[PDB]
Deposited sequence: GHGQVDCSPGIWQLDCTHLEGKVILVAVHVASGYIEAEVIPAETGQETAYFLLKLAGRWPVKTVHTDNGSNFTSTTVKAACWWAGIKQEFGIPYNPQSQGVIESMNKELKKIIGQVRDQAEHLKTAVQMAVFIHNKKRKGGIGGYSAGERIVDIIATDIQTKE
């Protein structure tokens, strides 16, 4: 959890929709996306996007069956991502995100937009989570 390369991935539901939530464990920085279904293809596609922006070395999840998909294993293999085993946080983070979404829900037509507005508010809330991840990654370099 001290290591700057540990992320946690989890899908949560809201308004009959699926939200994929990634948390940088050391900083609390969040990325979220509404996906059409809880499929390995959506997970694999999200991991490639995440690995292209940040250093992703190991990933954890609260539902191990999420990572059994052959498509997910292919994406982790290509990007050099290992499965994390040192975590026996997202409960709090998912409830935290669902709360901020409720505050901004009225300001956006679709749930798509509310999720990104909530991610914006979380990462800048104030150091902020957005500043802390950059600081953590910078020193590690």
For this session: Please list, in sequence order, every stretch of the deposited sequence that lacks C-alpha coordinates.
Result: 1 to 5, 94 to 100, 139 to 144, 160 to 163
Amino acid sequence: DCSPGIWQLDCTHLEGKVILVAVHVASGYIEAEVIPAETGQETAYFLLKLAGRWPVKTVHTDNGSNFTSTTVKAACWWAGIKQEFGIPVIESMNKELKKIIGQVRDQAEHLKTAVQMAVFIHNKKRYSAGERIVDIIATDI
From here on, numbers count along this sequence of modelled residues.
Exercise. Where do the C-alpha atoms have the higher mean temperature factor in this entry, in 93 to 101 or in 48 to 56?
Worked result: 93 to 101
Seminar exercise, completed: Of the residues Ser27, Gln41, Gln107, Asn66, the one whose Cα carries the largest B-factor in the deposited record is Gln107
Seminar exercise, completed: Split the chain's modelled residues into thirds by Cα B-factor; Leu14 lands in the highest
Exercise. Is the Cα B-factor recorded for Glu31 in the lowest, middle or highest third of its chain?
Worked result: lowest
Problem set entry | Assigned third (lowest, middle, highest) for the C-alpha B factor of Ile87 | highest
